[PDB]
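Novice: The following block contains the structure, expressed as structure tokens.
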Amino acid sequence: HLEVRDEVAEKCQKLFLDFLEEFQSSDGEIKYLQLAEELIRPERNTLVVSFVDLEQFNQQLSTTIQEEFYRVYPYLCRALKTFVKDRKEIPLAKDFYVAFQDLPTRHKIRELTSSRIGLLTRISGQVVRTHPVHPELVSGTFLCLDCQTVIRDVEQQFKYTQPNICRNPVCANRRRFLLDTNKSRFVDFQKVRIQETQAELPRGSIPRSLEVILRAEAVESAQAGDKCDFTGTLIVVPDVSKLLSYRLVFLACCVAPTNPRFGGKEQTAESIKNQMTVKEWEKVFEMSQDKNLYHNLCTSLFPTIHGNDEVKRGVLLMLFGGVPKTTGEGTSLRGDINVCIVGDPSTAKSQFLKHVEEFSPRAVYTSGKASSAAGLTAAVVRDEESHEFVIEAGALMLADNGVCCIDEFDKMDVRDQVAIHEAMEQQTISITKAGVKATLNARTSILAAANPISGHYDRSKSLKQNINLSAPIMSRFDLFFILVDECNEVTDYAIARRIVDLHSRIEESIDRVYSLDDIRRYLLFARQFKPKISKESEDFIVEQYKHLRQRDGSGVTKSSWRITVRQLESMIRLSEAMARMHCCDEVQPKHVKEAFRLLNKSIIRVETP
Amino acid sequence: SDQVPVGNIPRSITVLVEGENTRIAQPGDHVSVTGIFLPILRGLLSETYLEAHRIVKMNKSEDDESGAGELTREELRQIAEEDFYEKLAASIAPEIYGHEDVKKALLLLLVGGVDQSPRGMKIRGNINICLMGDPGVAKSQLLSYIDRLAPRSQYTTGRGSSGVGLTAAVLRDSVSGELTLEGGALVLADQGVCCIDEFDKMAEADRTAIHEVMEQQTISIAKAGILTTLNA
Amino acid sequence: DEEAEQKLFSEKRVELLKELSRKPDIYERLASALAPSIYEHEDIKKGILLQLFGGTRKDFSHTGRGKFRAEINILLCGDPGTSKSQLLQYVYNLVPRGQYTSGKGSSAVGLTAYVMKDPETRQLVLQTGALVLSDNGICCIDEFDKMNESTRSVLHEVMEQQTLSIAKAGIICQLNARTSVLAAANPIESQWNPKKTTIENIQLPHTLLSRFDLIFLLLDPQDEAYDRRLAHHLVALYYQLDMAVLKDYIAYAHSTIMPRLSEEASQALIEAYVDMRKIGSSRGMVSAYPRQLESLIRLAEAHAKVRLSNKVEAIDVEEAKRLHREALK
Ligand SMILES: [Zn+2]
């Protein structure tokens, strides 16, 4: 009559409860008795047990988890409700969840056969959508109706499930119960959809996708556009309309990024200077103290590009960024600088952009002929499920606080260069559409590459006649690098040598100081200062703005894209971005002199026969 | 659409062929059907279908007599004459004076050469013919005649036909949302002749859709529902 | 799919392949066995044979450069009747995983990737065009001239970087493919008039002519000897080497070969680019940008694979330089 001992489950619950207390770290000091400490303050209900340590402490167990992970999950969570009664301040009907991590062996979304249901797997993919968060009923408390008793602890399975038996010999309604909803047990529930990662696609195939279901404190870890790495169990799900047809669903329990740039755990100078491991911090200091740094980042970022020494500098000063300010009224000064390149064919334009976009993290790359207006900035899509118009993020948004690399910027249509200017001006993106009204932030820096009208750059006209951008856009850049391939026989030997070297030395011909992983660290560090201006530097700046206007003065010479005020607000920015580089906290004449020389070589003189 | 009041919409009927009459009729075809006319089971209004008992093809305007193409010895008499090639030429659209040579070529078009296949390199065995000429020389009469003298034929006008309606079109069904293929003129005229008058007035993007059918004699569709090559 | 199946070759066959690869002209003996119905056209079959091997597949993930295209794009321009479309129709029927497209019957998005309202779920979903369905093989694009400049500027991405970056309503992704175009066009005015300059009969831009690396100008007039020989050949088709040698030689030369450059070959590749500049500068025919210096590599290595040489030497540069020079004349 009485229930049956699911022995394979309870024995595992017991051994897991033992492991939770016996296992200790390098210095005694049982570790799952201190991580389980914060598990009492509200909003925390998931303990994260590593799986490799459960391999050390035991091995007849790991092979039970990794093979019955669905049978024995409802017990590895009760064996955490007992282990945590030693705090006495937890509400007695609260429930906890175990979340594994660091499984040994991975898998692919195409290896998820139907021979894997109920086991413990691990999956990597991208993230496409994210639905909203909901409550989900795990164990209802049916308030009986005729007996006025309480049928209790009834488990739902994908439906409402309406348990129909009462422990009262007089229960006039074995088909009627009004459940309460102030004692029952709810858990959060988010359902997102992941798409096969890029490096796994078999050639000539469209990527598959599946539904993952985050169901805990883990409920908003994954966002759209990320490359997380989920670890849960594959389950089958019926079609509840007729309760058949089944469909596969991934039931994740833990989710973590696929390759942490900093392997510790995943916002000012000190919060980051804490995570700096000893070698990291003794290297960042060494660099910040290095002299001639401004020439060992160029030589170490673009190691396979001979020449154009005045373009690499600008690209660097674009990566470091200026100081973003907010005026008291409510407006805001643009903090980051934009950069455009314009040149002859085959002059290494797309190579700067590819370098920047493969080096930098959170920087997107798009061409111009294969884009749209509602694809760059922001869209509006009808989700018929919610039957509502919602907002989709564009390339200028999912690259926020990063860099957007636009190649072939002058192939875009007339109306697609308008939406981009409306964003490059106010740093925001307005939306006014079917039923949507919003204003979104966009603090990206744009690196654009273009081609002169009719192939070659004609050096007897202004810029406005050599390129087909709009008039407003050409004002919002404030750094141009006109490249001209005056076929020099001495270069055509150098470039030849370098290319053939690279192709004879597949993985070599790239030896440079300050390895690429290190520069990311230095650049994440030194991008948290806000240098100021000393009075002498302010005087220097106003004098330089004096000495720049009059070069364009009448009579002697002529130049292109006449100098205006906006060039001044773009000289303090370059000086601030120069100061950030040397990790200082103030601007000096040493910086402004160079930030003026650069902006001086930028503008060329129109010519005439 | 001929036997309809001047501007009225044609009405349809449903035919439930079954048993042995199946696979007789091809779509886009003149046919004559014999069968009971019943209502559909499951207020008092009723929808009706024709329950076919006999299906006869009347393509030739009389009755399908293609299989009865038997030449007698008294006709072998003519076919064996010295100038059999020259009698037919004169007996093509006799209502039209002159044009003794054009009628000699419009017959070769109806007979057609032979087609090889050496080392796997197809060569077509059909003939294409254009009739550039001044106005009022009875070209749209010659074409209307060669339309009726062909087992499988089609007639199309350059100014009243789009380039996807000649070859093959992909069209959706608002009942199922599924895209299906639908043959054009050149597909429905597979083993026969197609006629396109007013050929200089066809839109220039709707005319390069014939370069494929004139040499390789396939139609290679790669739209967003289908990816195939029909035989034309 | 049959790379594991290459280890499933009879050792009786590897002897045959290695021994056929030793004859002094196995290049001209295999090439001349492509399409045994075209007349001589000796160079175009050389190019279309080197296209079936392709340069090495080097691994540049370390240098942060990205990836490197290894397949060869070929353009055929020339006055009518010169048997261009027959070569495309022959290749398309030879290679597996290929497509055949035309000029006016193909749009900008139909070639790369479109977005369709999925019927059931009423949601926008991505699909693949023609240049992505091939993905391992050849995408024959006939009637290359008669595509308005919109749908022609789309090939700029997929044919040089071997990628495709899509950013539309809800889809923000980045495909990739390993295709190789083989295009055919007519000169402007459809008649090769020798009054104008070579960069004016083609009428293609430079940012598109440089992504090709073998521009074959089928300059063929009414040579009374050529016409007679061709007619004498064509009539013969009315009376009445193997394949499985080529069909297996190719699988082998793909599976177990990786030509690496040398220092004697690398020293003939530098001058072969410093002269190309002075040559192509003046004439006004077709300029040379550094991208060509990579194409030579692509061609040179692809020649070494023909003879299973596993190492690029001098002659494998002189051959694939004479080929690059004697196609525009
Ligand atoms: Zn009851």
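If you're wondering about the labels, chains in the structure tokens are A, B, ... by order shown, residues count from 1 in each chain, ligands from 1 in order shown.
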Write out as a PyMOL selection string each polymer residue (protein, DNA or RNA) that has an atom no more than 8 Å from ligand 1, with only C-alpha atoms and all ligand atoms counted.
Specialist: chain A and resi 144-151+165-174
Novice: Name the residues in contact with residue A:352 at a cut-off of 10 Å, using only C-alpha atoms, excluding same-chain residues fewer than 2 positions from it; report them as a ChimeraX atom specification.
Specialist: /A:301-302,305,311-312,315,341,348-350,354-357,405,447,449
Novice: Residues at most 7 Å from stretch 34-51 of chain C, counting only C-alpha atoms, excluding those fewer than 4 positions away in the same chain, as a PyMOL selection string?
Specialist: chain C and resi 71-72+90+230+302-303
Novice: Do you know which residues are at most 9 Å from residue C:146 counting only C-alpha atoms, after dropping those on the same chain fewer than 3 positions away, and could you put them as a ChimeraX atom specification?
Specialist: /C:102-104,143,149,185-186
Novice: Dump as a list in words the residues of chain A that approach chain C to within 7 Å, counting only C-alpha atoms.
Specialist: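 Every residue of chain A that passes the 7 Å test is in residues 203, 204, 346, 355, 358, 366, 369, 370, 371, 372, 374, 375, 376, 379, 392, 492, 493, 496, 497, 500, 504, 506, 507 and 510 of chain A.
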Novice: Now that the selection is made, can you save its residues with C-alpha atoms as a PDB file, in the first residue's frame?
Specialist:
ATOM      1  CA  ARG A 203      29.684  23.446 -45.049  1.00  0.00           C
ATOM      2  CA  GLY A 204      26.673  24.139 -47.222  1.00  0.00           C
ATOM      3  CA  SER A 346      44.191  48.356 -52.981  1.00  0.00           C
ATOM      4  CA  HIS A 355      42.337  44.285 -37.855  1.00  0.00           C
ATOM      5  CA  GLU A 358      39.112  41.056 -34.937  1.00  0.00           C
ATOM      6  CA  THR A 366      29.149  45.431 -41.794  1.00  0.00           C
ATOM      7  CA  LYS A 369      25.767  47.426 -50.082  1.00  0.00           C
ATOM      8  CA  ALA A 370      24.255  44.573 -48.046  1.00  0.00           C
ATOM      9  CA  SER A 371      22.650  46.501 -45.193  1.00  0.00           C
ATOM     10  CA  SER A 372      19.488  48.492 -44.551  1.00  0.00           C
ATOM     11  CA  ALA A 374      16.114  49.378 -40.217  1.00  0.00           C
ATOM     12  CA  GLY A 375      18.965  46.908 -39.910  1.00  0.00           C
ATOM     13  CA  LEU A 376      21.692  49.262 -38.795  1.00  0.00           C
ATOM     14  CA  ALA A 379      13.636  47.826 -36.318  1.00  0.00           C
ATOM     15  CA  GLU A 392      14.723  44.844 -32.575  1.00  0.00           C
ATOM     16  CA  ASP A 492      56.041  47.641 -54.623  1.00  0.00           C
ATOM     17  CA  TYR A 493      59.114  45.773 -53.395  1.00  0.00           C
ATOM     18  CA  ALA A 496      55.718  42.170 -52.171  1.00  0.00           C
ATOM     19  CA  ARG A 497      58.314  41.014 -49.658  1.00  0.00           C
ATOM     20  CA  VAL A 500      55.320  36.549 -49.765  1.00  0.00           C
ATOM     21  CA  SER A 504      55.783  31.320 -46.760  1.00  0.00           C
ATOM     22  CA  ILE A 506      51.851  30.712 -42.357  1.00  0.00           C
ATOM     23  CA  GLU A 507      51.702  31.430 -38.582  1.00  0.00           C
ATOM     24  CA  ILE A 510      53.904  38.515 -36.748  1.00  0.00           C
TER      25      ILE A 510
END
Novice: Return the neighbours of chain C among the residues of chain B, cut-off 8 Å, counting only C-alpha atoms, as a PyMOL selection string.
Specialist: chain B and resi 116+118-119+121+176-178+205+208-209+220+222-224
Novice: Find the residues near stretch 13-23 of chain C: any atom within 6 Å, counting only C-alpha atoms, skip ones fewer than 3 places away on the same chain, and give them as a ChimeraX atom specification.
Specialist: /C:10,26,307
Novice: For atom CA of residue A:22 and atom CA of residue A:54, quote the distance in Å rounded to one decimal.
Specialist: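 Atom CA of residue A:22 sits 11.1 Å away from atom CA of residue A:54.
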Novice: I need the residues in stretch 80-309 of chain C that are alpha helix (DSSP H) according to DSSP; give them as a ChimeraX atom specification.
Specialist: /C:85-92,108-111,131-134,149-152,155-158,198-201,206-209,224-236,246-255,263-269,271-283,290-304
Novice: Could you tell me how far atom CA of residue A:410 lies from atom CA of residue A:474, in Å and to one decimal?
Specialist: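 According to the coordinates, atom CA of residue A:410 and atom CA of residue A:474 are separated by 11.5 Å.
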Novice: Check stretch 169-328 of chain C with DSSP on the backbone and list each residue it calls strand (DSSP E), as a PDB file with N, CA, C and O atoms, in the first residue's frame.
Specialist:
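New file part-v5.pdb:
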ATOM      1  N   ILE C 172      20.658  39.098 -37.486  1.00  0.00           N
ATOM      2  CA  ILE C 172      21.967  39.733 -37.538  1.00  0.00           C
ATOM      3  C   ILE C 172      22.994  38.623 -37.428  1.00  0.00           C
ATOM      4  O   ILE C 172      23.326  38.184 -36.325  1.00  0.00           O
ATOM      5  N   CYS C 173      23.510  38.170 -38.564  1.00  0.00           N
ATOM      6  CA  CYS C 173      24.348  36.984 -38.577  1.00  0.00           C
ATOM      7  C   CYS C 173      25.434  37.152 -39.627  1.00  0.00           C
ATOM      8  O   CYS C 173      25.516  38.174 -40.315  1.00  0.00           O
ATOM      9  N   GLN C 174      26.261  36.119 -39.765  1.00  0.00           N
ATOM     10  CA  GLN C 174      27.394  36.173 -40.682  1.00  0.00           C
ATOM     11  C   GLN C 174      27.636  34.765 -41.217  1.00  0.00           C
ATOM     12  O   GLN C 174      28.205  33.926 -40.516  1.00  0.00           O
ATOM     13  N   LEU C 175      27.212  34.526 -42.449  1.00  0.00           N
ATOM     14  CA  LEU C 175      27.378  33.226 -43.079  1.00  0.00           C
ATOM     15  C   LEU C 175      28.816  33.095 -43.559  1.00  0.00           C
ATOM     16  O   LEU C 175      29.672  33.926 -43.253  1.00  0.00           O
ATOM     17  N   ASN C 176      29.103  32.038 -44.310  1.00  0.00           N
ATOM     18  CA  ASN C 176      30.354  31.920 -45.041  1.00  0.00           C
ATOM     19  C   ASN C 176      30.218  30.770 -46.017  1.00  0.00           C
ATOM     20  O   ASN C 176      29.377  29.889 -45.845  1.00  0.00           O
ATOM     21  N   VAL C 181      33.352  31.693 -58.371  1.00  0.00           N
ATOM     22  CA  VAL C 181      32.599  32.143 -59.530  1.00  0.00           C
ATOM     23  C   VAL C 181      33.302  31.730 -60.812  1.00  0.00           C
ATOM     24  O   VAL C 181      34.521  31.553 -60.853  1.00  0.00           O
ATOM     25  N   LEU C 182      32.521  31.564 -61.872  1.00  0.00           N
ATOM     26  CA  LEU C 182      33.042  31.347 -63.218  1.00  0.00           C
ATOM     27  C   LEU C 182      32.103  32.107 -64.143  1.00  0.00           C
ATOM     28  O   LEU C 182      31.052  31.592 -64.511  1.00  0.00           O
ATOM     29  N   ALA C 183      32.457  33.331 -64.490  1.00  0.00           N
ATOM     30  CA  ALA C 183      31.516  34.218 -65.151  1.00  0.00           C
ATOM     31  C   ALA C 183      31.832  34.353 -66.628  1.00  0.00           C
ATOM     32  O   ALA C 183      32.950  34.114 -67.078  1.00  0.00           O
ATOM     33  N   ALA C 184      30.826  34.777 -67.382  1.00  0.00           N
ATOM     34  CA  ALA C 184      30.958  34.941 -68.820  1.00  0.00           C
ATOM     35  C   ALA C 184      30.205  36.191 -69.219  1.00  0.00           C
ATOM     36  O   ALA C 184      29.051  36.359 -68.833  1.00  0.00           O
ATOM     37  N   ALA C 185      30.846  37.060 -69.981  1.00  0.00           N
ATOM     38  CA  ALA C 185      30.231  38.311 -70.380  1.00  0.00           C
ATOM     39  C   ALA C 185      30.490  38.571 -71.852  1.00  0.00           C
ATOM     40  O   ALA C 185      31.267  37.874 -72.501  1.00  0.00           O
ATOM     41  N   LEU C 214      41.848  35.599 -63.675  1.00  0.00           N
ATOM     42  CA  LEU C 214      42.099  35.091 -65.018  1.00  0.00           C
ATOM     43  C   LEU C 214      40.987  35.657 -65.887  1.00  0.00           C
ATOM     44  O   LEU C 214      39.872  35.129 -65.909  1.00  0.00           O
ATOM     45  N   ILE C 215      41.289  36.749 -66.581  1.00  0.00           N
ATOM     46  CA  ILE C 215      40.342  37.382 -67.483  1.00  0.00           C
ATOM     47  C   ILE C 215      40.693  36.930 -68.892  1.00  0.00           C
ATOM     48  O   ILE C 215      41.594  37.474 -69.518  1.00  0.00           O
ATOM     49  N   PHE C 216      39.978  35.931 -69.389  1.00  0.00           N
ATOM     50  CA  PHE C 216      40.256  35.352 -70.695  1.00  0.00           C
ATOM     51  C   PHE C 216      39.523  36.143 -71.764  1.00  0.00           C
ATOM     52  O   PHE C 216      38.292  36.135 -71.814  1.00  0.00           O
ATOM     53  N   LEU C 217      40.276  36.809 -72.631  1.00  0.00           N
ATOM     54  CA  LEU C 217      39.702  37.527 -73.761  1.00  0.00           C
ATOM     55  C   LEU C 217      39.731  36.609 -74.969  1.00  0.00           C
ATOM     56  O   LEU C 217      40.749  36.492 -75.648  1.00  0.00           O
TER      57      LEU C 217
END
Novice: Please indicate the distance in Å from atom CA of residue A:576 to atom CA of residue A:517, rounded to one decimal place.
Specialist: 24.4 Å
Novice: Can you pull out the residues contacting residue B:155? Cut-off 9 Å, using only C-alpha atoms, and skip same-chain residues under 6 positions away; I want them as a ChimeraX atom specification.
Specialist: /B:143-144,147,185,193-197
Novice: What lies within 6 Å of residue B:186 using only C-alpha atoms, ignoring chain neighbours under 2 positions off, as a list in words?
Specialist: residues 166, 167, 184, 188 and 189 of chain B
